[PDB]
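Working notes, structure below.
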Protein chains: 6
Amino acid sequence: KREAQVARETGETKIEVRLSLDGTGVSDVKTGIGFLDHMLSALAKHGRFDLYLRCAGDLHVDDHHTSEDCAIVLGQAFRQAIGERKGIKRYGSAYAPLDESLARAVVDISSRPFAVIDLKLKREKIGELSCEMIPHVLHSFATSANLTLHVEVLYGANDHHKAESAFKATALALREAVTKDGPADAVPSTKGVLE
Amino acid sequence: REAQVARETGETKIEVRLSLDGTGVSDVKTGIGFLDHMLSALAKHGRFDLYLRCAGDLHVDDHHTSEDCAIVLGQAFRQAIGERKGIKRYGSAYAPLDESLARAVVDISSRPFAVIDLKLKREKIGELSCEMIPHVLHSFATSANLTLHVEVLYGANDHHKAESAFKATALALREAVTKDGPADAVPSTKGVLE
Amino acid sequence: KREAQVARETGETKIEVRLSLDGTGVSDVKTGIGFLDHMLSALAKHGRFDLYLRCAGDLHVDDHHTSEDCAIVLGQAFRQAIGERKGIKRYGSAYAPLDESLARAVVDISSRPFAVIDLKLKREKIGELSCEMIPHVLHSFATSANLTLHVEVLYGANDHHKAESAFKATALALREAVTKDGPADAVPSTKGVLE
Amino acid sequence: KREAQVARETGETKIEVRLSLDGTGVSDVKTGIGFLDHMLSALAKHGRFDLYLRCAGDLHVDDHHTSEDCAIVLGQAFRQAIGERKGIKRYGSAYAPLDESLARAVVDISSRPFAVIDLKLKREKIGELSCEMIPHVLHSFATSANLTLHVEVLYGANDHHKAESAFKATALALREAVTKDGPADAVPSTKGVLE
Amino acid sequence: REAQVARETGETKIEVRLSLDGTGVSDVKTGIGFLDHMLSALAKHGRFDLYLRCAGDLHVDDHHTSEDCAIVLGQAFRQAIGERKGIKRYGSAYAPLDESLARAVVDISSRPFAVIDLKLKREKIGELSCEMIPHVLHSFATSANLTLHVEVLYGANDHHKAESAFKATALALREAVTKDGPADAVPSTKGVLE
Amino acid sequence: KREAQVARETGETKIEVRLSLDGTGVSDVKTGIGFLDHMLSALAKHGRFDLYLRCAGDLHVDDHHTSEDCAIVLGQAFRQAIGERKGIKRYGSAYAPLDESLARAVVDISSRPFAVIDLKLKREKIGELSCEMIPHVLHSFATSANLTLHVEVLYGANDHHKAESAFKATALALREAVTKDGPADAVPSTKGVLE
Ligand SMILES: O=P(O)(O)C[C@H](O)Cn1cncn1
Ligand SMILES: O=P(O)(O)C[C@H](O)Cn1cncn1
Ligand SMILES: O=P(O)(O)C[C@H](O)Cn1cncn1
Ligand SMILES: O=P(O)(O)C[C@H](O)Cn1cncn1
Ligand SMILES: O=P(O)(O)C[C@H](O)Cn1cncn1
Ligand SMILES: O=P(O)(O)C[C@H](O)Cn1cncn1
Ligand SMILES: [Mg+2]
Ligand SMILES: [Mn+2]
Ligand SMILES: [Mn+2]
Ligand SMILES: [Mn+2]
Ligand SMILES: [Mn+2]
Ligand SMILES: [Mn+2]
Ligand SMILES: [Mn+2]
Ligand SMILES: [Mn+2]
Ligand SMILES: [Mn+2]
Ligand SMILES: [Mn+2]
Ligand SMILES: [Mn+2]
Ligand SMILES: [Mn+2]
Ligand SMILES: [Mn+2]
């Protein structure tokens, strides 16, 4: 019932996403970048979202337009799947480790696009995904989802652990934030409106 | 789980009605608009129902009003919980507002204590002095007879910092007073929460 | 009910534990060290675990082999009680204070033994339990339980408050992580296996 | 005969290892990552182990799951091959240089999984093996082998020399630790048990 | 290669029997359990057989007991070696215990000397004062008439540090006293090891 | 028998060396510099080498050409005495103290000439051997022996003790490295060649 399909095409990328918020965690993601597929796969699995994604992008240039545009379209789908912002918890937070790494994510379904991202990534790339694109993906996702997202890797020593723990924490926090809670028609805001 | 408290001194005359198992509605008139907004947010995100009126000595400053509102609110919270059994006891939450992020942690401990760190930079937000904001939280915690930790981890806008703090506090309080497990269990290894 | 009984003996210690994860918080714990007893009693109480433990140890040497071996056996019991790692939340986190002290624990039922522990204890002992054994207990528990455990005392000033807040937080995080959630046969991992 | 065959399958990797502790140094290792194959070949050669390894892994993501899971299975095979922990030296240590680099490894067949690893690598990758995975390999090996491993690169200027000197030292130290020494049934522990 | 030594003062009364070519068995009763554990580890990992009893002045503190036990143990070790010929002379080893790592280096030199650095942080381990731990190793080396270097390179648990140090010492002593090469050869360019 | 003789003459020095690797520690060394004789005598004794050496050198200039050329000739002799690099341990390491001084030596019979030497000598001369010539002797030995040598004085306070502990440690490491071990035809390298 809470789902969305979004298609988007530019000169750089051509993307389709299908998203169900009330899923079982199944993913079929092919961005053209394996490590990004793994991160979005983790996001779906731990968020209990169902996610289908295809991207034909300009990887001959670099991984940037693909990664950013996948995040944009994912964010748009999440926004649409949420629907009217009523009857939900609105706020979610979670910690997820991976071995020595620990990450925290905090989500506010605010209708104010904003993100604060600090992943402490040390390397240049994880597989074929540039580390600089990893915060960019979370920022672009948050702004297109029209929500407020804070993600911090508190510490760690392995960048795959850092990134993955961040996606896992993000997934758990998003899941909590969009959970139905209390009266179905209550807007969870003192101003009575979440656009 | 509702309580009504009335309290009058030479500085302030206050009435509060608080229900723990509400829908978030509030009617809060402290005399200070920003404080009203903070307690409205507390009620909204705690799913508490809160009525509050204060006739206070604002011609002096905002201090006695804000503190006493916190004192009476805390007394009402303590009373509304009633016997400290069958509840989660511990709650914690994060709430942002844009660039600011706050955490609140609550222990329904019967030991009044607060650790508050809001990183507010300004002198006032509207007519509420920034120094009164941690004082409100501390006074609330002590009169509620509980342990409260509130940290603004970072931010750049004092309205965002303060409001994120009240939202996080609301969420943690809601969790801590949630009924969970056997109704008669005291959630303490010492068997007593006074 | 998810329960386990474990008996272990070496030349240093002879220990028996019985643990139920789906308990009411009852404990009957006698390790030979009162403060360790109190910490394990707080663990069971706030975890809603039921815990029986006896240790006949070598306290004439010091508190080390007793404390460590109690953690090993408790960890083994926890691992065995969880049984097949399916149908559970897998991730838990919690904060617990005690007056001026605040602790955070994060749990990942990962089948990867790992612990990151930072308790900020200033004393040599609390009662008859050496402070250096308190992180060792958490690390040994985590590794024998085959899970990932992160425990941090953020701040405080009383070592009994710090240690107890740590065990309380740990309890609450373990309780969340082992809570049944979603389809009973789902393995909460993108790799489909948690051994 | 001190030998083992171990197989392991997840959604990320499918691996088989065959190992003899009392070998001549022969290796047939194909992880999918040439530099890792070279390190493991070195380990077998200088440890006088015989090692066969095959991994079908998710290298399209990155080198992490392959490398980690190869180390996990290798460690498990080591644990099994040692068998009952009696009649062996238990402790091993060795230094190995490669030109300007010098490494030390220390092994304790302890039945307590722990590793302390400090390789001082400066690069992002050596061949297709990410440098961050090299400590992760040694740590995962040690924990799966249920032993205590300390490896330090003391100094050096070339990461291939640093990593290779570390595997060489590890090989020599492991060879020493599992060498039969003294009465066949003596347990090398004051507590009389090494599980 | 066995020796028996008995020593009595107004502080302590000690008997030791030590065999170098043992299986690692021990019966050590110093009156201090953690010291017993360390000397048991020493015997076990050195493949020495060690008997020790001490009736000491533990009402004062652990010092005279611990020191005199090390003194007598060292004297026994010196005597058990006998004429310093046909041995390796030099020994070294590392031993960890979990996060801690120690190194010991032995030279059967007939020059009493020790360099000890265990990085212990606590005041006591059980009833053995941490400051007595290096003193034990030093007093052992001087009475054994040898050169001993023991370093805890790093660690975080003092029982692990001390225990790793005794294990490494044991392994190094075992190597140093191992028979190797012609039985009459003195392992010194000066042709004498007194 | 693993023995060699080398005779070498330049306008600066005239040297004859005879070396046996499988000796009893006997030496007869006359370099012209007593302290250097004492160091090479210690090396022979603790390596269980037999060594004869005579140098007629330009001591009226300084100790340099003598000390370096003795090291060169000795290294050449060591290389010839080893012969085919097969059937040996290849790697050796050792610590030797002398009173307050402690030194570590590590040897790799690598066929790659390289030395890393750090003796921490404070004086100008020990007897008639200039302190700067002591690391020069070790480096020139290693490079002429065609092997990798690392020697460190970890600490100390007496330069005779530091130097002598260094030569003792070197001797012990060299003895271990050239010890016969395993099949006599095996080449102890993954590349199958030690030239
Ligand atoms: O978070 P909201 O939109 O529910 C209500 C806030 O009062 C709005 N706000 C935005 N900046 C400061 N306050
Ligand atoms: O948190 P409680 O009151 O349930 C039990 C604690 O053991 C009491 N305590 C308070 N300071 C130290 N311990
Ligand atoms: O957390 P898991 O085992 O469910 C899946 C991870 O992808 C495995 N992993 C372990 N290190 C890096 N990734
Ligand atoms: O190393 P072991 O297990 O042979 C004997 C040790 O006494 C056990 N131990 C583990 N931590 C402190 N001691
Ligand atoms: O180690 P030794 O006694 O075999 C021979 C040394 O040369 C003696 N010495 C002691 N200080 C300096 N040299
Ligand atoms: O140490 P070797 O020559 O047995 C084999 C090495 O792989 C060769 N090498 C030299 N530099 C890097 N590797
Ligand atoms: Mg010749
Ligand atoms: Mn961009
Ligand atoms: Mn992964
Ligand atoms: Mn006041
Ligand atoms: Mn506002
Ligand atoms: Mn221990
Ligand atoms: Mn307590
Ligand atoms: Mn990993
Ligand atoms: Mn190489
Ligand atoms: Mn003394
Ligand atoms: Mn011990
Ligand atoms: Mn020169
Ligand atoms: Mn000398």
Side-chain angles (χ1 to χ4, degrees), chain E residues 81 83-91 105-113 115 141 145-149 176 180-181 185-194, chain F residues 1-9 15-21 24-27 29 31 33-54 69-70 72-84 94-103 119 121-123 125-129 131 134 144-146 153 156-172:
Chain E
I81 292 159
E83 299 171 56
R84 294 174 165 198
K85 60 189 198 178
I87 57 170
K88 287 187 167 174
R89 174 179 175 181
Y90 297 97
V105 181
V106 169
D107 171 5
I108 309 305
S109 60
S110 301
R111 289 184 292 264
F113 207 98
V115 181
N145 202 29
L146 56 75
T147 306
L148 178 60
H149 291 228
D180 177 6
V186 181
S188 170
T189 53
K190 86 187 176 293
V192 184
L193 290 172
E194 278 153 72
Chain F
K1 292 169 75 200
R2 300 193 296 173
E3 51 187 53
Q5 303 188 11
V6 180
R8 186 184 174 272
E9 181 171 5
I15 299 168
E16 302 84 35
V17 167
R18 308 165 209 152
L19 171 71
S20 296
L21 291 183
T24 61
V26 163
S27 68
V29 175
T31 58
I33 305 163
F35 188 73
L36 183 58
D37 303 343
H38 177 46
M39 293 307 93
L40 299 182
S41 158
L43 185 87
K45 178 71 206 190
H46 297 292
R48 303 271 180 79
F49 310 134
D50 299 345
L51 176 61
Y52 171 99
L53 182 162
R54 293 292 180 281
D69 293 359
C70 288
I72 288 167
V73 175
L74 185 57
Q76 293 175 354
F78 205 84
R79 170 180 189 182
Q80 293 168 29
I82 290 165
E84 283 175 41
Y95 282 81
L98 204 179
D99 291 2
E100 83 305 325
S101 289
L102 183 60
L119 310 182
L121 302 175
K122 293 194 178 181
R123 293 171 65 171
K125 286 174 149 199
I126 307 165
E128 300 304 308
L129 190 51
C131 288
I134 301 179
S144 293
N146 203 31
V153 172
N158 181 290
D159 277 6
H160 187 133
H161 291 177
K162 295 180 165 167
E164 192 176 336
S165 61
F167 277 82
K168 288 168 161 168
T170 298
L172 292 167

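Counting convention: from 1, in listed order, for ligands and their atoms alike. Chain A is the first sequence line, chain B the second, and so forth, proteins listed ahead of strands; every chain is numbered from 1. In what follows, every heavy atom counts, from backbone to side chain, and hydrogens, waters and symmetry copies are set aside.
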TODO: Starting from atom 1 (O) of ligand 5, locate the nearest protein heavy atom and write down its residue, its atom name and how far away it is, to 0.1 Å.
DONE: F/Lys168 NZ, 2.6 Å

Task: Angular separation of OE1 (F/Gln80) and O (F/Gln5) seen from the Mg ion (ligand 7), to 10° - done: 110°

Open item on the list: Please state which option from F/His160, F/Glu164, E/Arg111, E/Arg89 has its nearest heavy atom closest to atom 10 (C) of ligand 5.
Closed with: E/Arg111

Task: Nearest-0.5 Å distance, OG of residue E/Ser109 to CZ of residue E/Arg84 - done: 7.0 Å

Task: Heavy-atom gap F/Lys45 to ligand 5 smaller than 4.0 Å - done: no

- [ ] With heavy atoms under 4.0 Å as the rule, classify the contact between F/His46 and ligand 5 as side chain, backbone, both or neither.
- [x] neither

Task: Check: F/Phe167 ring centroid to F/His38 ring centroid under 6.0 Å - done: no

TODO: Would you give the length of the straight line joining atom CZ of F/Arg18 to atom CD of F/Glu3, rounded to the nearest 0.5 angstrom?
DONE: 11.0 Å

Task: Proximal protein heteroatoms (N, O or S) of the Mn ion (ligand 19), under 2.8 Å - done: F/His38 NE2, F/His160 NE2, F/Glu164 OE1

- [ ] Starting from atom 4 (O) of ligand 5, locate the nearest protein heavy atom and write down its residue, its atom name and how far away it is, to 0.1 Å.
- [x] E/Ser188 OG, 2.5 Å

Task: E/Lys190 neighbourhood, listing ligand 5 atoms whose heavy-atom distance to it stays under 4.0 Å - done: 2 (P), 3 (O)

Open item on the list: Given F/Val17, which partner from the list F/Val29, F/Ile72, F/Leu40, F/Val73 fulfils the side-chain contact (heavy atoms from CB on, under 4.5 Å) test?
Closed with: F/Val73

